[PDB]
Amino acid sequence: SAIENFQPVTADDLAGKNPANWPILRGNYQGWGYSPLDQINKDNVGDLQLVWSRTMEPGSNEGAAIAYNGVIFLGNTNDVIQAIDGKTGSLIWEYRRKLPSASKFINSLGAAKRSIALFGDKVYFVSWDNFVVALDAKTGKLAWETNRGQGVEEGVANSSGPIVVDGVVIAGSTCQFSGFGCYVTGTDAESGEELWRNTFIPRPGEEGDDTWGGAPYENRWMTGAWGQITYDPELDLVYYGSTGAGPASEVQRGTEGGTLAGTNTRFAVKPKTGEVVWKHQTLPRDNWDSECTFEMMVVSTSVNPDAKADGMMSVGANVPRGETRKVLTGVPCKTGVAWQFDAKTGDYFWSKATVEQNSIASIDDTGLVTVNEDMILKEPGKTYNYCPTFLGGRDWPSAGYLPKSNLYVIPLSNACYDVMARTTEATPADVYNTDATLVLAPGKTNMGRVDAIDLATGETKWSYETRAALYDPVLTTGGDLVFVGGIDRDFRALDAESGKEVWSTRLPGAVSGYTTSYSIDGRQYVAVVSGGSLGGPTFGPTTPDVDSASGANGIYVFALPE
């Protein structure tokens, strides 16, 4: 019944023009993570009840209920993709990919799936074995698939999911365990043909090669773009970020003093060709697995950064003070530093630290980052007391935007990392080749944190804290609410004006996935993916007083009583 009248998904849908739907990971191309739906608000959220839920596949459950005209399209782990009736929770269809033995995959991160994408009459995803796959939206049956190469034993995969722009399926990659770097590809949405492929590691003698400290090309590992892809329709620019290089220690990399051009860089590209329009490196010389690959939002804001605002690193030399600009803005890296650029040109406006961090010594008025020499891993076996951690700070769990108050709302972890490079020689399988102990940041007794930052001034308007890590995306809504899960297993709503908790329910496991909102027949639903991820096992032991069990992977859907 729900799938019967399926109407093709357009750019207008993906631009978030219909608030009854959530047809893309962050609700719109621009990455807002916002639902304009306002039925559920501060005055009635206390009445929210569980309407329906459904078991999801085991593993790291970081997915998102992609909602479209009464149907939920849901990427589970293990390349299981489902369509579910958004009103009843009844399964409509299920695709289950035939997988080689899990042991054959050197990159287990490809098993988790933050999103599927929609366009036309198809559901698009990247499989664990690194195929761009198109399913029929109406049936879940495979329409086409294209092998990108180097999957499985060779470890190239994807965890965040693609987006489709102008008939082009755009998808990044993780090559976390590989002795090489990876890429972002653009694939024709109809034919399945690969149209372009952007890589990051400079080839010998090419632009930026001289910033790799003389490291042989074949020793340059793991540079990818595994985070979330965003897009601005008006500028026609696709935005993504690349990551660092492994192992973490530049001494073990053989890249001493190397700023590593291509790594941790924010790219703005044309969707049909991958042509780079502008780029900015937000974390050079990375020794801290900083991964500047997370979603960056496109918003229109007045530009008036306060140089005295807490954490403000610098203000751009040519900042158009008092003027309204379309900006690319947010926290791109685990470090927790918020950035703001002109979205069209890439001109640097400002940057501001959130959590305690000590990897960045300074950022000048052009946006040039200078790293902290004290934190470069120069002596293997020596403990370096890095802030934040290889899980942040921030990590993949996405921020949300509140257009009414111009607030950027970001989930964060108050953690630091006593990190040491191993004394043994690094192989690709060793990843960062470090051993670490995670601790609370100095003077912090609350691990979980959400900052709400005014995008005009860079001032933090409020900060919500809780004992255990959140490590879960936020949803912002027109009802003036912020929804967020945590490893404490609470799925909570915060007052968007104050950051104070106004409602919560406790789910059976750590609330580990995305929260989305949609409506059917005038009724607003709030859907959260839960069960657990790397967050609980990593942050849980720091606050053992909190019951942060993982389990009962599932989608859980709430609404006001009828």
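For every residue, the number given is its place in the sequence shown, counted from 1.
Enquirer: Tell me which stretch, 6-14 or 20-28, has the higher mean Cα B-factor listed in the entry.
Expert: Higher of the two, by average CA B-factor, is 6-14.
Enquirer: If you take the mean CA temperature factor per stretch, which one wins between 321-329 and 354-362?
Expert: Between 354-362 and 321-329, it is 321-329.
Enquirer: Could you tell me which one of 284, 204, 181, 89 shows the highest CA temperature factor in the PDB record?
Expert: The record points to 204.
Enquirer: Could you say which of 484, 399, 426, 447 has its CA atom at the highest B factor, as listed in the PDB entry?
Expert: Largest recorded C-alpha B-factor: 426.
Enquirer: Considering only modelled residues of the same chain, in which third does the CA B-factor of residue 511 rank: lowest, middle or highest?
Expert: Ranked within chain, residue 511 CA B lands in the lowest tercile.
Enquirer: Just say lowest, middle or highest third for the CA B-factor of residue 94 relative to the other modelled residues in its chain.
Expert: Middle third of the chain for residue 94's C-alpha B-factor.
Enquirer: Within this chain, which third does the Cα B-factor at residue 246 fall in: lowest, middle or highest?
Expert: Middle third - that is where residue 246 ends up once the chain's C-alpha B-factors are sorted.
Enquirer: What third of its chain's C-alpha B-factors does residue 335 belong to: lowest, middle or highest?
Expert: For residue 335, the deposited C-alpha B-factor lands in the lowest third.
Enquirer: Consider only the C-alpha atoms of the modelled residues in this chain, order them by B-factor as the entry records it, and name the third containing residue 497: lowest, middle or highest.
Expert: Its C-alpha B-factor belongs to the highest third of this chain's values.
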